[PDB]
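Here's the structure we're looking at; comments come further down.
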Amino acid sequence: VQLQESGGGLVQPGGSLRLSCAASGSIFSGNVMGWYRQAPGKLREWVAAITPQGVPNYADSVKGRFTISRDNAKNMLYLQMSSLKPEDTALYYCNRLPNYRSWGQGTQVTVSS
Amino acid sequence: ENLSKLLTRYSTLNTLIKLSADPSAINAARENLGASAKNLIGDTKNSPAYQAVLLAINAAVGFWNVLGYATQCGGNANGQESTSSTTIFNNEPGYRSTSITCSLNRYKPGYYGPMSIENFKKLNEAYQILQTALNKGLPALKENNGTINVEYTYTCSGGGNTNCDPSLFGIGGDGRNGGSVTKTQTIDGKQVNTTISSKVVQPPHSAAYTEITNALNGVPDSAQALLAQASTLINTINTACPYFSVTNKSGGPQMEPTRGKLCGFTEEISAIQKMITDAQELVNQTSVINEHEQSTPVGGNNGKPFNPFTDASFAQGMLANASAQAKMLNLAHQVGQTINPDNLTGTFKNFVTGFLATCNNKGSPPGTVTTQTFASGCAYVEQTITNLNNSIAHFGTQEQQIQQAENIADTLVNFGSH
Ligand SMILES: CC(=O)N[C@H]1[C@H](O[C@H]2[C@@H](O)[C@@H](CO)O[C@@H](O[C@H]3[C@H](O)[C@@H](O)[C@@H](O)O[C@@H]3CO)[C@@H]2O)O[C@H](CO)[C@@H](O[C@@H]2O[C@@H](C)[C@@H](O)[C@@H](O)[C@@H]2O)[C@@H]1O[C@@H]1O[C@H](CO)[C@H](O)[C@H](O)[C@H]1O[C@@H]1O[C@@H](C)[C@@H](O)[C@@H](O)[C@@H]1O
């Protein structure tokens, strides 16, 4: 019943980043998990998801740049981001799907030169 | 204090208000609701709702395939002890058999005894209807005037065996050889035509038997109606609570205990009852969504700018539609979580991974009974969990859109009050 993201920071366009999410077992075990983001001026947006058996799917805006993965032994969700753009600047959040209704603090990602 | 300071701390709220004032953002969210409703109640493979309904039904059918063969049953039509009655039900998952034989004589049907024939008939009818349905494919949740034909047979032999007497079915006193009756029968408030026929067979070198044929023409295949059948299946089992004696294969996962009473499987049965209950609650959201459809576009009137405080009488409906879609989505996930073996322990886990989510036929189509169906689920429980999951993952954007729509509408209903 807890979620906690890290690994964000300021990068250069073209740059790349690896985000992590530590989730409690009650949230994570046996559940589809996913990443989200909230860009300035916009509402939270779904970005990616992955089934317990590790099958991933992505929003069209990130397909082919980002890769979501999960480690089922440590209740950890990862997002690996390449070819970052300024459009990808946002607060990034992790949750199960469907969503547990209290979000974590998120991790800020900013992209700029 | 005031709003500026409040929006300095909560900017997604500021963005929510901006949207709530803009008819084209509202109309976009209303379109999204139209599309996600279609994903939930019009689609099959992609609908988490469809998959959850399907899992709930499959888990009940599979429970019976696992233990049906080991379940004692017997006696006569009055529910009492028989001297020599053998009553066999076809297309059921028996020990090395595509029938189940109910021939436990002398012992008295009842709790922690043989299931009575009356109770087995109820259980059997339900199992045949579900299996025929699963074979043909469940329809989408919105489609609920579909029908199917179901046909099943059973036999009675032995002196004293009253379980195929013509008077049970309304057939002439005799009757029993060639007689037939066609009659309505109510199933989930719908009118089904039912034909019941009897013949006597005298095979050349062994005992005479009576064969009863039931033809149900127009059984409803809607989600609501099929979940009532799955409920009838699992409750008939739980309430008759008969004696069972299992046969383990040496090696591979094993069933404990080897004997007892079926209602003794309390977690397995409670989980399946919960799943059905949750699926039924979820299917009941269908009507709420249809009633509150969002296809009409909104704006100011008389070409006047849109006023979020006066022009938003549609918001209550928009909010009820979105809340209902989100309730569907969450009950669907809940169904899956009740049975998913990643979060189970002890004897319940080993029941699901070891038996329910396996199949010993041969992947043969859904609803198939073979001489090897017994002591396995053969209801695609693993694939159904996997597909429920995949659908939920592919519902990521829609789930967000539904939450944004619920929030836009809540905001307008608030403005609207006062
Ligand atoms: C008790 C019974 O089943 N009676 C049948 C009778 O059965 C005989 C017969 O089939 C003989 C011939 O081989 O074999 C007997 O089985 C032997 C077996 O052969 C052996 O291997 C050995 O191991 O043991 C057993 C038995 O000890 C059977 O028991 O078959 C006749 C002939 O066709 C049935 O008679 C007719 O059908 C009925 C409906 C009437 O229309 C008659 O007039 C027909 O000739 C006879 O059935 C019983 O008939 C009486 C008539 O007094 C009642 O009508 C009673 O209800 C009938 O039993 C009912 O219906 C039968 C078909 C069966 O389903 C019963 O379970 C049911 O109660």
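Labels for the structure tokens follow display order: chains A, B, ..., residues from 1 in each chain, ligands from 1.
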
Check: Taking only C-alpha atoms and all ligand atoms into account, which residues are within 12 Å of ligand 1, as number ranges by chain?
Finding: B: 75-77, 82-88, 103, 154-167, 173-179, 198-212

Next item on the list: Write down as number ranges by chain the residues of range 1-112 of chain A whose backbone DSSP state falls under strand (DSSP E).
Entry: A: 3-6, 10-11, 17-23, 32-38, 45-50, 56-58, 66-71, 76-81, 90-97, 107-111

Those residues you just picked out, can you put them in a file as a short mmCIF file (atom, residue, chain, number, x, y, z; two decimals), in the first residue's frame with N, CA and C atoms?
data_model
loop_
_atom_site.label_atom_id
_atom_site.label_comp_id
_atom_site.auth_asym_id
_atom_site.auth_seq_id
_atom_site.Cartn_x
_atom_site.Cartn_y
_atom_site.Cartn_z
N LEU A 3 4.22 3.47 -2.66
CA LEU A 3 4.88 3.62 -3.93
C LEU A 3 5.92 4.71 -3.83
N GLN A 4 7.06 4.50 -4.47
CA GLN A 4 8.18 5.44 -4.31
C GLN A 4 9.16 5.40 -5.47
N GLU A 5 9.22 6.51 -6.19
CA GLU A 5 9.96 6.62 -7.43
C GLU A 5 11.31 7.32 -7.25
N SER A 6 12.30 6.95 -8.04
CA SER A 6 13.55 7.71 -8.01
C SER A 6 14.25 7.65 -9.35
N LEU A 10 17.98 16.23 -14.30
CA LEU A 10 18.02 17.10 -15.45
C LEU A 10 19.00 16.48 -16.42
N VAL A 11 18.58 16.27 -17.66
CA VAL A 11 19.48 15.85 -18.74
C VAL A 11 19.44 16.71 -20.01
N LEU A 17 18.01 8.06 -19.16
CA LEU A 17 17.76 7.99 -17.71
C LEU A 17 17.14 6.67 -17.37
N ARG A 18 17.37 6.23 -16.14
CA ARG A 18 16.72 5.01 -15.66
C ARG A 18 15.97 5.33 -14.40
N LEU A 19 14.64 5.25 -14.44
CA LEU A 19 13.82 5.44 -13.24
C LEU A 19 13.50 4.12 -12.53
N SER A 20 13.27 4.21 -11.23
CA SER A 20 12.99 3.03 -10.39
C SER A 20 11.78 3.33 -9.57
N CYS A 21 11.05 2.28 -9.22
CA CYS A 21 9.90 2.38 -8.36
C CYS A 21 9.88 1.21 -7.46
N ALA A 22 9.95 1.50 -6.18
CA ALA A 22 9.83 0.53 -5.14
C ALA A 22 8.35 0.47 -4.71
N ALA A 23 7.73 -0.67 -4.93
CA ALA A 23 6.34 -0.85 -4.56
C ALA A 23 6.18 -1.91 -3.49
N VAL A 32 -0.56 -6.09 -12.82
CA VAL A 32 -0.04 -5.28 -13.88
C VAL A 32 0.48 -4.04 -13.21
N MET A 33 1.66 -3.56 -13.61
CA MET A 33 2.23 -2.30 -13.08
C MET A 33 2.49 -1.35 -14.24
N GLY A 34 2.72 -0.08 -13.98
CA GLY A 34 2.91 0.87 -15.10
C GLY A 34 3.47 2.22 -14.68
N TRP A 35 3.88 2.99 -15.68
CA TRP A 35 4.41 4.33 -15.48
C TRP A 35 3.47 5.36 -16.13
N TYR A 36 3.53 6.55 -15.55
CA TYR A 36 2.70 7.67 -15.87
C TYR A 36 3.54 8.95 -15.76
N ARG A 37 3.02 10.03 -16.32
CA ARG A 37 3.69 11.29 -16.13
C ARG A 37 2.75 12.47 -16.17
N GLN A 38 3.15 13.54 -15.48
CA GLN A 38 2.39 14.75 -15.47
C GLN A 38 3.20 16.00 -15.92
N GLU A 45 -0.79 11.35 -17.53
CA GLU A 45 -0.90 10.71 -18.82
C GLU A 45 -0.32 9.28 -18.66
N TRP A 46 -1.00 8.24 -19.12
CA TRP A 46 -0.38 6.89 -19.09
C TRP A 46 0.75 6.79 -20.13
N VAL A 47 1.83 6.13 -19.75
CA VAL A 47 3.02 6.00 -20.60
C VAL A 47 3.35 4.54 -20.94
N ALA A 48 3.36 3.68 -19.94
CA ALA A 48 3.65 2.27 -20.19
C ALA A 48 3.11 1.35 -19.12
N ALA A 49 3.12 0.08 -19.47
CA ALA A 49 2.61 -0.98 -18.60
C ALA A 49 3.23 -2.33 -18.94
N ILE A 50 3.15 -3.23 -17.97
CA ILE A 50 3.73 -4.53 -18.10
C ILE A 50 3.05 -5.53 -17.20
N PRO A 56 5.30 -6.06 -22.03
CA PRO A 56 5.18 -4.60 -21.94
C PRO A 56 4.34 -4.02 -23.06
N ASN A 57 3.73 -2.87 -22.83
CA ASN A 57 3.08 -2.09 -23.90
C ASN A 57 3.24 -0.61 -23.56
N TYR A 58 3.21 0.24 -24.58
CA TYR A 58 3.61 1.63 -24.45
C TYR A 58 2.67 2.58 -25.14
N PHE A 66 11.52 4.15 -24.85
CA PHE A 66 11.49 3.75 -23.46
C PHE A 66 11.22 2.25 -23.38
N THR A 67 11.64 1.66 -22.27
CA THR A 67 11.48 0.22 -22.04
C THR A 67 11.18 0.09 -20.57
N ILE A 68 10.03 -0.51 -20.28
CA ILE A 68 9.60 -0.79 -18.92
C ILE A 68 9.95 -2.23 -18.60
N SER A 69 10.33 -2.47 -17.36
CA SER A 69 10.66 -3.81 -16.92
C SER A 69 10.31 -3.89 -15.43
N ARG A 70 10.24 -5.12 -14.95
CA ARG A 70 9.90 -5.39 -13.57
C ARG A 70 10.78 -6.56 -13.13
N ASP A 71 11.16 -6.50 -11.86
CA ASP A 71 11.83 -7.58 -11.16
C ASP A 71 10.92 -8.12 -10.04
N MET A 76 9.99 -4.33 -7.76
CA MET A 76 10.63 -3.16 -8.33
C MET A 76 10.15 -2.99 -9.75
N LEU A 77 9.80 -1.75 -10.07
CA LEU A 77 9.50 -1.37 -11.44
C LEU A 77 10.56 -0.37 -11.97
N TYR A 78 11.00 -0.59 -13.21
CA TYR A 78 12.02 0.22 -13.87
C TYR A 78 11.47 0.84 -15.16
N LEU A 79 11.96 2.04 -15.48
CA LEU A 79 11.75 2.64 -16.81
C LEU A 79 13.02 3.23 -17.36
N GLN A 80 13.40 2.74 -18.51
CA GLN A 80 14.63 3.06 -19.13
C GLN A 80 14.32 3.94 -20.32
N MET A 81 14.90 5.14 -20.33
CA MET A 81 14.49 6.18 -21.26
C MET A 81 15.70 6.61 -22.04
N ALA A 90 8.51 16.27 -17.22
CA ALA A 90 7.32 15.91 -16.39
C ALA A 90 7.73 15.32 -15.08
N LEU A 91 6.75 15.20 -14.20
CA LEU A 91 6.84 14.37 -12.98
C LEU A 91 6.37 12.98 -13.33
N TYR A 92 7.19 11.96 -13.08
CA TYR A 92 6.89 10.58 -13.46
C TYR A 92 6.46 9.79 -12.21
N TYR A 93 5.46 8.94 -12.39
CA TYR A 93 4.81 8.22 -11.31
C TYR A 93 4.63 6.78 -11.74
N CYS A 94 4.57 5.94 -10.75
CA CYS A 94 4.37 4.54 -10.99
C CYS A 94 3.15 4.08 -10.20
N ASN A 95 2.44 3.06 -10.70
CA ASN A 95 1.31 2.49 -9.95
C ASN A 95 0.94 1.16 -10.51
N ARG A 96 0.05 0.45 -9.85
CA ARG A 96 -0.56 -0.69 -10.51
C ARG A 96 -1.66 -0.23 -11.40
N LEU A 97 -2.13 -1.18 -12.21
CA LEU A 97 -3.29 -0.99 -13.06
C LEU A 97 -4.18 -2.07 -12.70
N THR A 107 8.97 11.36 -9.37
CA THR A 107 10.34 11.77 -9.60
C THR A 107 10.36 12.72 -10.82
N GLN A 108 10.99 13.87 -10.65
CA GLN A 108 10.98 14.91 -11.67
C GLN A 108 12.00 14.59 -12.73
N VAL A 109 11.58 14.73 -13.97
CA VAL A 109 12.47 14.58 -15.10
C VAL A 109 12.41 15.85 -15.92
N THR A 110 13.53 16.49 -16.17
CA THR A 110 13.56 17.71 -16.97
C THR A 110 14.53 17.54 -18.11
N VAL A 111 14.17 17.94 -19.32
CA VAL A 111 15.09 17.78 -20.45
C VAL A 111 15.36 19.11 -21.17
#

Next item on the list: Can you work out which one of A:85, A:65, A:101, A:74 has the shortest atom-to-atom distance to chain B, counting only C-alpha atoms?
Entry: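 Between A:85, A:65, A:101, A:74, the residue approaching chain B most closely is A:101.
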
Notebook entry, point to check: For the atom pair CA of residue 123 in chain B and CA of residue 237 in chain B, what is the interatomic distance in Å to one decimal place?
Noted result: 7.5 Å

Item checked: Residue contacts of residue 100 in chain A (10 Å, only C-alpha atoms) excluding same-chain residues fewer than 6 positions away, as a PyMOL selection string -> chain A and resi 1-3+27

Next item on the list: Compile the residues of chain B that lie within 8 Å of chain A, evaluated using only C-alpha atoms, and express the compilation as a PyMOL selection string.
Entry: chain B and resi 11-12+15-16+329-330+333+337+340-343+389-390+392-394+396-397+399-400+404

Just to be explicit: take each residue in the selection above, keep N, CA, C and O atoms, and write the result as an mmCIF file, in the first residue's frame.
data_model
loop_
_atom_site.group_PDB
_atom_site.id
_atom_site.type_symbol
_atom_site.label_atom_id
_atom_site.label_comp_id
_atom_site.auth_asym_id
_atom_site.auth_seq_id
_atom_site.Cartn_x
_atom_site.Cartn_y
_atom_site.Cartn_z
ATOM 1 N N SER B 11 -1.494 22.345 -8.906
ATOM 2 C CA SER B 11 -1.665 22.820 -10.294
ATOM 3 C C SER B 11 -2.486 21.910 -11.184
ATOM 4 O O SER B 11 -3.122 22.370 -12.140
ATOM 5 N N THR B 12 -2.488 20.621 -10.916
ATOM 6 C CA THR B 12 -3.346 19.807 -11.705
ATOM 7 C C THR B 12 -4.810 20.217 -11.469
ATOM 8 O O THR B 12 -5.666 19.925 -12.256
ATOM 9 N N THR B 15 -5.486 23.019 -13.860
ATOM 10 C CA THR B 15 -5.656 22.533 -15.173
ATOM 11 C C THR B 15 -7.040 21.915 -15.251
ATOM 12 O O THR B 15 -7.723 22.052 -16.278
ATOM 13 N N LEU B 16 -7.480 21.229 -14.208
ATOM 14 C CA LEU B 16 -8.831 20.697 -14.204
ATOM 15 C C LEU B 16 -9.915 21.786 -14.361
ATOM 16 O O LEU B 16 -10.868 21.616 -15.075
ATOM 17 N N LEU B 329 -14.070 -1.663 -14.095
ATOM 18 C CA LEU B 329 -12.696 -1.968 -14.253
ATOM 19 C C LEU B 329 -12.146 -2.542 -12.952
ATOM 20 O O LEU B 329 -11.403 -3.493 -12.984
ATOM 21 N N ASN B 330 -12.533 -1.991 -11.813
ATOM 22 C CA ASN B 330 -12.024 -2.423 -10.533
ATOM 23 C C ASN B 330 -12.590 -3.749 -10.076
ATOM 24 O O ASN B 330 -11.886 -4.525 -9.480
ATOM 25 N N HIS B 333 -10.698 -6.396 -12.010
ATOM 26 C CA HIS B 333 -9.377 -6.662 -11.455
ATOM 27 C C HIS B 333 -9.534 -7.483 -10.164
ATOM 28 O O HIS B 333 -8.703 -8.354 -9.879
ATOM 29 N N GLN B 337 -8.008 -11.092 -8.860
ATOM 30 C CA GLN B 337 -7.102 -11.152 -7.698
ATOM 31 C C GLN B 337 -7.503 -12.199 -6.668
ATOM 32 O O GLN B 337 -6.673 -12.633 -5.888
ATOM 33 N N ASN B 340 -5.917 -15.437 -8.431
ATOM 34 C CA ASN B 340 -4.611 -15.468 -9.039
ATOM 35 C C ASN B 340 -3.564 -16.074 -8.111
ATOM 36 O O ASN B 340 -3.347 -15.569 -7.015
ATOM 37 N N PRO B 341 -2.876 -17.125 -8.575
ATOM 38 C CA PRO B 341 -1.993 -17.884 -7.680
ATOM 39 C C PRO B 341 -0.752 -17.175 -7.190
ATOM 40 O O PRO B 341 -0.131 -17.670 -6.260
ATOM 41 N N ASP B 342 -0.393 -16.041 -7.777
ATOM 42 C CA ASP B 342 0.738 -15.251 -7.269
ATOM 43 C C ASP B 342 0.536 -14.731 -5.840
ATOM 44 O O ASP B 342 1.516 -14.477 -5.147
ATOM 45 N N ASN B 343 -0.718 -14.565 -5.402
ATOM 46 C CA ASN B 343 -1.024 -14.086 -4.025
ATOM 47 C C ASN B 343 -1.742 -15.083 -3.110
ATOM 48 O O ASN B 343 -2.289 -14.678 -2.093
ATOM 49 N N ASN B 389 -5.245 -9.928 -17.467
ATOM 50 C CA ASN B 389 -4.104 -9.058 -17.282
ATOM 51 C C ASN B 389 -3.666 -8.244 -18.479
ATOM 52 O O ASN B 389 -3.459 -7.048 -18.358
ATOM 53 N N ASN B 390 -3.444 -8.897 -19.611
ATOM 54 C CA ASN B 390 -3.094 -8.220 -20.853
ATOM 55 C C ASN B 390 -4.118 -7.142 -21.179
ATOM 56 O O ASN B 390 -3.735 -6.009 -21.469
ATOM 57 N N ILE B 392 -6.155 -5.508 -19.129
ATOM 58 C CA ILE B 392 -5.992 -4.425 -18.165
ATOM 59 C C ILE B 392 -4.793 -3.519 -18.492
ATOM 60 O O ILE B 392 -4.886 -2.292 -18.408
ATOM 61 N N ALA B 393 -3.691 -4.117 -18.904
ATOM 62 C CA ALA B 393 -2.522 -3.332 -19.322
ATOM 63 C C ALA B 393 -2.787 -2.506 -20.567
ATOM 64 O O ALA B 393 -2.267 -1.418 -20.737
ATOM 65 N N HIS B 394 -3.642 -3.008 -21.444
ATOM 66 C CA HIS B 394 -3.971 -2.288 -22.660
ATOM 67 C C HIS B 394 -5.118 -1.329 -22.443
ATOM 68 O O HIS B 394 -5.569 -0.698 -23.379
ATOM 69 N N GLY B 396 -4.686 1.104 -20.201
ATOM 70 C CA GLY B 396 -4.035 2.138 -19.460
ATOM 71 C C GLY B 396 -4.504 3.540 -19.772
ATOM 72 O O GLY B 396 -4.749 4.317 -18.859
ATOM 73 N N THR B 397 -4.565 3.896 -21.047
ATOM 74 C CA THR B 397 -4.978 5.240 -21.434
ATOM 75 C C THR B 397 -6.439 5.428 -21.069
ATOM 76 O O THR B 397 -6.851 6.498 -20.617
ATOM 77 N N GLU B 399 -8.226 4.129 -18.809
ATOM 78 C CA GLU B 399 -8.464 4.248 -17.386
ATOM 79 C C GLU B 399 -8.173 5.674 -16.963
ATOM 80 O O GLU B 399 -8.986 6.267 -16.216
ATOM 81 N N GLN B 400 -7.071 6.244 -17.475
ATOM 82 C CA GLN B 400 -6.804 7.679 -17.237
ATOM 83 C C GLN B 400 -7.886 8.582 -17.786
ATOM 84 O O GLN B 400 -8.320 9.510 -17.117
ATOM 85 N N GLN B 404 -10.126 11.272 -15.774
ATOM 86 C CA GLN B 404 -10.246 12.689 -16.097
ATOM 87 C C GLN B 404 -11.711 13.057 -16.331
ATOM 88 O O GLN B 404 -12.185 14.091 -15.870
#

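For the residues B:42, B:48, B:139, B:109, ranking by smallest atom-to-atom distance to residue 327 in chain B using only C-alpha atoms places B:48 first.
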
Check: So, counting only C-alpha atoms, which residue among B:197, B:242, B:30, B:130 is closest to residue 110 in chain B?
Finding: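 Ranking B:197, B:242, B:30, B:130 by distance to residue 110 in chain B, first place goes to B:242.
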
Notebook entry, point to check: range 214-227 of chain B: which residues within 7 Å, counting only C-alpha atoms, same-chain residues fewer than 6 positions away excluded, as a ChimeraX atom specification?
Noted result: /B:57,130,133,139,141,143-153,188,192-197,276,280,283

Would you put the residues from that selection into a file with N, CA and C atoms, as a PDB file, in the first residue's frame?
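To be explicit, this is the file written out as result09.pdb:
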ATOM      1  N   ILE B  57     -16.646 -17.677 -14.484  1.00  0.00           N
ATOM      2  CA  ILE B  57     -17.423 -18.828 -14.940  1.00  0.00           C
ATOM      3  C   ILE B  57     -16.527 -20.044 -15.113  1.00  0.00           C
ATOM      4  N   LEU B 130     -23.437 -24.139 -19.182  1.00  0.00           N
ATOM      5  CA  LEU B 130     -22.170 -23.391 -19.220  1.00  0.00           C
ATOM      6  C   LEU B 130     -21.214 -23.936 -20.242  1.00  0.00           C
ATOM      7  N   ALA B 133     -21.940 -23.060 -23.642  1.00  0.00           N
ATOM      8  CA  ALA B 133     -21.779 -21.653 -23.913  1.00  0.00           C
ATOM      9  C   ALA B 133     -20.312 -21.353 -24.144  1.00  0.00           C
ATOM     10  N   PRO B 139     -20.789 -14.023 -25.451  1.00  0.00           N
ATOM     11  CA  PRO B 139     -20.913 -12.801 -26.199  1.00  0.00           C
ATOM     12  C   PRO B 139     -20.430 -11.632 -25.364  1.00  0.00           C
ATOM     13  N   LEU B 141     -20.607  -8.059 -23.268  1.00  0.00           N
ATOM     14  CA  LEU B 141     -21.511  -7.819 -22.167  1.00  0.00           C
ATOM     15  C   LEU B 141     -22.790  -7.068 -22.554  1.00  0.00           C
ATOM     16  N   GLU B 143     -24.483  -7.455 -25.254  1.00  0.00           N
ATOM     17  CA  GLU B 143     -25.356  -8.328 -26.015  1.00  0.00           C
ATOM     18  C   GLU B 143     -26.030  -9.230 -25.049  1.00  0.00           C
ATOM     19  N   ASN B 144     -27.277  -8.931 -24.714  1.00  0.00           N
ATOM     20  CA  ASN B 144     -28.018  -9.819 -23.858  1.00  0.00           C
ATOM     21  C   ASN B 144     -29.474 -10.269 -24.314  1.00  0.00           C
ATOM     22  N   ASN B 145     -29.716 -10.439 -25.608  1.00  0.00           N
ATOM     23  CA  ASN B 145     -30.856 -11.255 -26.036  1.00  0.00           C
ATOM     24  C   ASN B 145     -30.411 -12.400 -26.887  1.00  0.00           C
ATOM     25  N   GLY B 146     -29.128 -12.757 -26.834  1.00  0.00           N
ATOM     26  CA  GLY B 146     -28.669 -13.977 -27.451  1.00  0.00           C
ATOM     27  C   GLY B 146     -29.222 -15.242 -26.784  1.00  0.00           C
ATOM     28  N   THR B 147     -29.267 -16.321 -27.555  1.00  0.00           N
ATOM     29  CA  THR B 147     -29.690 -17.605 -27.070  1.00  0.00           C
ATOM     30  C   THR B 147     -28.880 -18.729 -27.670  1.00  0.00           C
ATOM     31  N   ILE B 148     -28.905 -19.864 -26.987  1.00  0.00           N
ATOM     32  CA  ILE B 148     -28.280 -21.067 -27.462  1.00  0.00           C
ATOM     33  C   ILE B 148     -29.182 -22.248 -27.272  1.00  0.00           C
ATOM     34  N   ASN B 149     -28.884 -23.294 -28.021  1.00  0.00           N
ATOM     35  CA  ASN B 149     -29.502 -24.557 -27.817  1.00  0.00           C
ATOM     36  C   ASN B 149     -28.616 -25.510 -27.049  1.00  0.00           C
ATOM     37  N   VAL B 150     -29.207 -26.178 -26.082  1.00  0.00           N
ATOM     38  CA  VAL B 150     -28.469 -27.064 -25.229  1.00  0.00           C
ATOM     39  C   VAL B 150     -29.191 -28.356 -25.230  1.00  0.00           C
ATOM     40  N   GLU B 151     -28.454 -29.449 -25.323  1.00  0.00           N
ATOM     41  CA  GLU B 151     -29.072 -30.776 -25.363  1.00  0.00           C
ATOM     42  C   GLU B 151     -28.249 -31.801 -24.556  1.00  0.00           C
ATOM     43  N   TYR B 152     -28.876 -32.522 -23.652  1.00  0.00           N
ATOM     44  CA  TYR B 152     -28.113 -33.431 -22.831  1.00  0.00           C
ATOM     45  C   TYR B 152     -28.920 -34.671 -22.481  1.00  0.00           C
ATOM     46  N   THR B 153     -28.227 -35.739 -22.119  1.00  0.00           N
ATOM     47  CA  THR B 153     -28.932 -36.991 -21.911  1.00  0.00           C
ATOM     48  C   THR B 153     -28.503 -37.618 -20.640  1.00  0.00           C
ATOM     49  N   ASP B 188     -33.722 -17.515 -15.955  1.00  0.00           N
ATOM     50  CA  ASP B 188     -33.404 -16.065 -15.781  1.00  0.00           C
ATOM     51  C   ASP B 188     -34.465 -15.120 -16.378  1.00  0.00           C
ATOM     52  N   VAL B 192     -38.011 -20.351 -22.273  1.00  0.00           N
ATOM     53  CA  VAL B 192     -37.291 -21.337 -23.029  1.00  0.00           C
ATOM     54  C   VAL B 192     -38.192 -22.492 -23.419  1.00  0.00           C
ATOM     55  N   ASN B 193     -38.147 -22.899 -24.683  1.00  0.00           N
ATOM     56  CA  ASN B 193     -38.807 -24.131 -25.089  1.00  0.00           C
ATOM     57  C   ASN B 193     -38.017 -25.383 -24.822  1.00  0.00           C
ATOM     58  N   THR B 194     -38.625 -26.339 -24.151  1.00  0.00           N
ATOM     59  CA  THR B 194     -37.898 -27.476 -23.635  1.00  0.00           C
ATOM     60  C   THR B 194     -38.582 -28.733 -24.078  1.00  0.00           C
ATOM     61  N   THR B 195     -37.823 -29.657 -24.664  1.00  0.00           N
ATOM     62  CA  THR B 195     -38.398 -30.888 -25.130  1.00  0.00           C
ATOM     63  C   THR B 195     -37.728 -32.007 -24.377  1.00  0.00           C
ATOM     64  N   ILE B 196     -38.524 -32.805 -23.695  1.00  0.00           N
ATOM     65  CA  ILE B 196     -37.986 -33.925 -22.973  1.00  0.00           C
ATOM     66  C   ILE B 196     -38.554 -35.199 -23.537  1.00  0.00           C
ATOM     67  N   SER B 197     -37.660 -36.118 -23.891  1.00  0.00           N
ATOM     68  CA  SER B 197     -38.059 -37.418 -24.509  1.00  0.00           C
ATOM     69  C   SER B 197     -37.444 -38.613 -23.816  1.00  0.00           C
ATOM     70  N   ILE B 276     -18.066 -14.692  -8.486  1.00  0.00           N
ATOM     71  CA  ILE B 276     -19.303 -14.629  -9.220  1.00  0.00           C
ATOM     72  C   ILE B 276     -20.056 -13.377  -8.799  1.00  0.00           C
ATOM     73  N   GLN B 280     -21.106 -10.296 -11.114  1.00  0.00           N
ATOM     74  CA  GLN B 280     -22.513  -9.883 -11.250  1.00  0.00           C
ATOM     75  C   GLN B 280     -22.680  -8.398 -10.998  1.00  0.00           C
ATOM     76  N   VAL B 283     -21.437  -6.704 -14.004  1.00  0.00           N
ATOM     77  CA  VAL B 283     -22.313  -6.760 -15.157  1.00  0.00           C
ATOM     78  C   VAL B 283     -23.520  -5.821 -14.965  1.00  0.00           C
TER      79      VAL B 283
END

Would you give me, as a CSV table (one decimal) with N, CA and C atoms, in the first residue's frame, the residues in range 9-64 of chain A that DSSP reads as alpha helix (DSSP H)?
chain,number,residue,atom,x,y,z
A,25,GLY,N,4.5,-5.1,-1.7
A,25,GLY,CA,4.0,-6.4,-2.2
A,25,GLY,C,2.5,-6.5,-2.5
A,26,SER,N,1.7,-5.9,-1.6
A,26,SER,CA,0.3,-6.0,-1.8
A,26,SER,C,-0.1,-5.2,-3.1
A,27,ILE,N,0.6,-4.1,-3.4
A,27,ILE,CA,0.4,-3.5,-4.7
A,27,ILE,C,0.9,-4.2,-5.9
A,28,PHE,N,2.0,-4.8,-5.8
A,28,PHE,CA,2.8,-5.2,-6.9
A,28,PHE,C,2.6,-6.7,-7.3

Check: Given the choices A:15, A:112, A:9, A:60, which gets closest to residue 83 in chain A if the distance is worked out from only C-alpha atoms?
Finding: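 That would be A:15, the residue with the smallest distance to residue 83 in chain A.
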
Next item on the list: Would you kindly return, as a ChimeraX atom specification, each protein, DNA or RNA residue with an atom no farther than 10 Å from any atom of residue 372 in chain B, considering only C-alpha atoms and excluding same-chain residues fewer than 4 positions away?
Entry: /B:65,93-98,359-362,376,378

Item checked: CA of residue 170 in chain B to CA of residue 101 in chain B, distance in Å rounded to a single decimal ->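 Pair CA of residue 170 in chain B / CA of residue 101 in chain B returns 24.7 Å.
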